[PDB]
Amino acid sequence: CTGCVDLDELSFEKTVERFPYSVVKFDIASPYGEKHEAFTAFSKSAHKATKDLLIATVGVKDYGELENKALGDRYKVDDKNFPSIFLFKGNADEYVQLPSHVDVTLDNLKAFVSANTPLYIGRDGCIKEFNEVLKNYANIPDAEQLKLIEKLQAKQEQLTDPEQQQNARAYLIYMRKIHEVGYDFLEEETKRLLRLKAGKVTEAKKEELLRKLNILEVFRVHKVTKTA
């Protein structure tokens, strides 16, 4: 899958031991289907979020020299019940396995990382360096809102990743609209977005809307404390 590093008997231990954390799916060689697609989606997500996590695959072949059988056997991977998902903590000796009962989904894989490492794969659309300064934005004073607009506008112009540049536009719109009209903007925009999301929409269009809804979520506050 895109971003998934496929490892073998020669590369596995050496590569795992060079990253702070690795998540490895052991499966048949040339895997396919729902769990693999989830692992693919996971690779994409993890990649957008961090550089300290290796996303890797090991394909155990049933043919010829049985490449990677020894590797599978080192970790006692149940080859009657592929795929098997492992998380390694910086070397090939210190690891945890994904319980065999847990469905191999994008959500469950994100959860696996966050339960077993200091790493966090955020929501699609989010930008961590924006989020870290935006807590409680709707409630802070106008001058501090304007300072943050100027700051994140400067950050946006430096953004080199195309998705982050697009997602930054939504952050800025929301920052400006909330500064202009106040927290009522959250409800307005949530209803607009949900009307769209409730229409007949393609998967791509849904993903676009969800990214807007995820960025807008950053602006929700538990309590409105600023005057409207």
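Numbers for residues come from their place in the sequence shown, where the first is 1.
Between the stretches 14-22 and 211-219, it is 14-22 that shows the larger average CA temperature factor. Taking only CA atoms, the mean B-factor in the PDB entry is higher for 59-67 than for the other of 30-38 and 59-67.
Per the deposited record, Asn116 carries the highest C-alpha B-factor of all listed residues (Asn116, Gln145, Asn131, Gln153).
For the set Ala138, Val104, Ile149, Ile127, the PDB entry assigns the largest Cα B-factor to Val104. Among all modelled residues in this chain, the alpha-carbon of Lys48 has a temperature factor (C-alpha) in the highest third.
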